[PDB]
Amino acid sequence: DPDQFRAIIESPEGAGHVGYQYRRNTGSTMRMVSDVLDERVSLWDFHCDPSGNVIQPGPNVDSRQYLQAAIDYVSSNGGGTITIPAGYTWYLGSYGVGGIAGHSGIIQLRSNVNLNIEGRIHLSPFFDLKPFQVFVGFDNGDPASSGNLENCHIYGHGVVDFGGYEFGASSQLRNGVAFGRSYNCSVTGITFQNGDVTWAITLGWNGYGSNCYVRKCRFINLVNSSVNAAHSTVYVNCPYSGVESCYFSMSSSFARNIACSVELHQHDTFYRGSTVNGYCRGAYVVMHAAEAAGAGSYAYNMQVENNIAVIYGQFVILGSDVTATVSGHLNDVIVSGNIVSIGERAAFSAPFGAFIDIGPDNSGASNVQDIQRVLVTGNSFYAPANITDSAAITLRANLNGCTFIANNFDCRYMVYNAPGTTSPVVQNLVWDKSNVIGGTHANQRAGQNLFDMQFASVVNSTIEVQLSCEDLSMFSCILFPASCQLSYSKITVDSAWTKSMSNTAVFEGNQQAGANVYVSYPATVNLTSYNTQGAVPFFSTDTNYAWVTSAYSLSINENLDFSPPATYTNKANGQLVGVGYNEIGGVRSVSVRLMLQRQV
């Protein structure tokens, strides 16, 4: 048998016959070399032909079956981490089988089986013009019948490369990682690049899942064709999950019209600390009734914070909707610390530029939403001067509340909705005086209202307009068409930089006269006094001030021989009246800039 010894050694069992003890420590386990090598595993351990000879990866080799055999085997031992070695590109060239075939799946992920991707995974041209989802954690073609994927992490310095292939048809779907009904799963460090896909990563399934995250990943050039119907790089569809410290970049013209970086679709989800360039949209924050199975009908505790973006459309898009039996609700959202610009483009050349959009549902309905208790604070937004279609908020569907405090918005509109489109019902819209309104679009606003209140109704709302520079081009600071009801609201226009404006606040239906409307704004008023020497009344010539509770002078008095009143009340006939002083008698006639006040 010393023949058998040499033979044993050269055989696949040879390492199992060579002894080892850690650092020659006599207190350590007496092991065999194979035991120590068995502590780790790589694709090389499965990337072999039927006789066991290793196969080199490359563009003419389909690595799929080998990677799947590796995952299957490690799963059978309770899990571990498979390395995809550095220094090689591992091509995938066929579809998987079984439960992932209903998802156009390539590789099936398994619980407790982690992938350390150090090398590159590329798609072969077998996938050109076809659907695919590269890594799939469902174990059934019907997600409702799927088991869970748990404790599965994909990480490393490596790369998933989608081969540059365009979509074959708009109806197709393409994904990088679908974790499925996914609990404690994550992707960290990986670069996803060079594709035309629907998503790079999806987390959860209709609210099933928990604790799934995307961290320190890069997503580069993942839309490239006019065939691609839509793209959102990460879709978060389970609670207690999020995206942090990622980098998203697109260069395609199509991406400026179709691509969104993240979608948050379940409660207790976040998007923070990320950088986006070249995209249409930053994030959807939406509660879809259709997605309410696993974690309820409410999206709450939604956080979009500390991101950096250059986009062409809207930064954050809010939504909720209904099905026949389920109603979706969105509340308790915070959008904070973000610095966002609309990139250089012509006006109207991409979807309407906005920091916040209150969007209709997927079928265009604007009367299904239940969105409230949103806080938008400490963000910056800029849009170049030429971009007419830029707003701090485009309010296009019913809104039950949104609060803006201490932002800096430098764009064409503050509040906007297109007239003759939707007529949203608006409650609890709060625009605090601490919102700074920039000057980039000064002189560009002919015909336009800075706050264009194109709504069915506004209730329990606050708009405290404060300019920081002049813009005499604008038609008004805030305008309410006669079709918009206004009640139980506070609307103020600070006088600074308004002395030369002919219109400040405009109420085309006289809505400022409502019983519970609290307003103030500047106006110019012509007055005429009685003749009397001494204390003498001045009265407005016009009679449109029956709503005014007090007014006071914003003008100097160039006269020596008299002074108009400093302050005014009204009279039943709608004149203002106040008591001035004639040092010498005579009828006086003056035109004065006043702060008109109602109940404030």
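Residue numbers run from 1 along the displayed sequence.
Mind pulling up the entry and telling me whether 334-342 or 365-373 has the higher mean Cα temperature factor?
The deposited B-factors put 365-373 ahead on the C-alpha mean.
### Message
Highest mean C-alpha temperature factor of the two stretches 520-528 and 118-126, which is it?
### Response
Here the higher of the two C-alpha B-factor means belongs to 118-126.
Q. Among 186, 448, 500, 224, which residue carries the highest C-alpha B-factor recorded in the PDB entry?
A. Result of the comparison over 186, 448, 500, 224: 224.
| message | Using only the C-alpha B-factors in the record, can you name which of 30, 566, 548, 535 has the highest? | response | If I rank 30, 566, 548, 535 by C-alpha B-factor, first place goes to 30.
inquiry  = Splitting the chain's C-alpha B-factors into thirds, which one does residue 554 fall into?
reply    = It belongs to the lowest third of the chain when residues are ordered by C-alpha B-factor.
Open item on the list: Test of reading the entry: by CA B factor among the chain's modelled residues, which third contains residue 153?
Closed with: Middle third.
- In terms of the chain's CA B-factor thirds, is residue 403 lowest, middle or highest? It belongs to the lowest third of the chain when residues are ordered by C-alpha B-factor.
- Where does residue 318 sit by CA temperature factor within its chain: lowest, middle or highest third? Within its chain, residue 318 is a lowest-third residue by C-alpha B-factor, going by the deposited values.
Record-listed C-alpha B factor of residue 12: chain third: Highest third.
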